[PDB]
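Single-structure report; data block below.
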């Protein structure tokens, strides 16, 4: 589940790209194999694809 932490979750078009992008941050195991790119978006990070 990709939730934005702002106004709840992030939109489908983002999360459709989020499954192909790594800029969308996430919790554990979304970066081990699902491949987060670990961007330094300290201000307004992308929607968190989590468990």
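A few notes on this one:
- Mean separation of Cα pairs under 8 Å and 6 or more residues apart, divided by the residue count, gives the chain a relative contact order of 48 percent.
- Theoretical gain in end-to-end length, residue 23 to residue 51 [0.36 nm per residue, Cα-Cα removed]: 8.3 nm
- Förster-model FRET efficiency, 25 Å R0, residue 7 and residue 40, C-beta, rounded to 0.05: 0.65
Quick note: the coordinates plus some simple rules give every number you see, no bench work behind them. Note that each Cβ is placed from the backbone with ideal geometry, even for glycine, and that neighbours are counted across all protein chains shown.
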